[PDB]
C-alpha cells in the first residue's frame, strides 16, 4: 500500500505545502510546492508511518521540542559552533489514504551514512577522522541532553553526512529516544515500563544491559565503543553478539580495568592516550550526573595536538 501518490501536494498542520517524490521504513524525497516536480537534489524528506506507530510519535515529539530551526540556530550562535549535527524539523501532519490514518514528518535530507563509508575504507577510520567525528558528536550530545533527551543508539549507520558538505555529520533515528529529565526531574535508576529497547547490542551501555533507563553517561559510553570500533575494526565481544549476558559481563570487566581494554583492542600496549582518558572520565560519572562536556572535548583536542593537528572541522574521509 503506497503511502502517497508521487507528485501529490500534502499540507502540514502549520499549513505549509510540500510535494512528495520517490523513495530515498517509508521515507521519500520532499520539497516545497512548485510547478516543478520533486527531484534527486531535494532538500527535505518525509517520513510516513501509521498514526498508531509509537516510534514516529516519539521522534516527532523530539523534533518538535528540540529540533526547531530557530532553536538550533540560537544554540549555534551562543555556543560559537561552525554547525550542529541535529536534523531540522520542517513540519508534520495527518494524512488519510484508503481509510487508515497516517502521521508524516518533514526533515532535512542527508547524504550517505558513515557505515557505508567505514566499510568502503576496509572497516577503519584514521585517528584524525575519529577525533573530528567525536568532537561533533559531543556537540550533538550536549545539545539533546540540555534539551532533556538521550539517544541511546549512536552508531555509524545513524550518522549521516550533509548532502552538500561532507565535513558535517548529523545524528538521526530518534524513534527510540528517551526523555530522561522531563521538566528538569531526572528519572530514577530503574526500568521505564513504556520502553522495551536495549539499543544496539555491540555498542549499548551497561545501564541499558542492566535493564535501567538510558542516561547521559550511557550516551558517552556508547560513543567510546564506537571510537574503538572505528579505530581498530573490532570490539572484544563482537564474536558472540548473540549472548547479551556475556557482552554485558565483558563491558563491566573492561570498565573496571580500562588498561585491560586498551591492551585487548590496540596492538602491543600502544594505544591512543585520549581514548583511555575519555573512558576514565565517563567512568567517573554517576547515573544522574551532568557530564563536563568541555573537559571531554579538551581530552579529544589533546589527541589532535599529539598527531600534529587541530580542530579545523575536516573529517578527511
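Positions refer to the first chain, counted from 1.
According to the entry, the stretch of the deposited sequence that connects residue 24 to residue 25 contains 4 to 9 residues lacking coordinates, which leaves a gap of moderate length in the model. As the entry records it, the average C-alpha temperature factor is higher for 32-40, out of 32-40 and 51-59. Averaged over CA atoms, B-factors in the entry run higher in 186-194 than in the other of 153-161 and 186-194. In this entry, the residue among 175, 218, 99, 91 with the greatest C-alpha B factor is 99.
For residue 77, the recorded CA B-factor ranks within the highest third of the chain. Only modelled residues enter the ranking.
Residue-level temperature factors show residue 142 in the lowest third of its chain, judged at the C-alpha atom.
When the modelled residues of the chain are ordered by C-alpha B-factor, residue 166 sits in the highest third. Remark: residue 271 belongs to the highest third of its chain, ranked by C-alpha B-factor as recorded.
Sort the chain's modelled residues by C-alpha temperature factor and residue 205 lands in the lowest third, per the entry.
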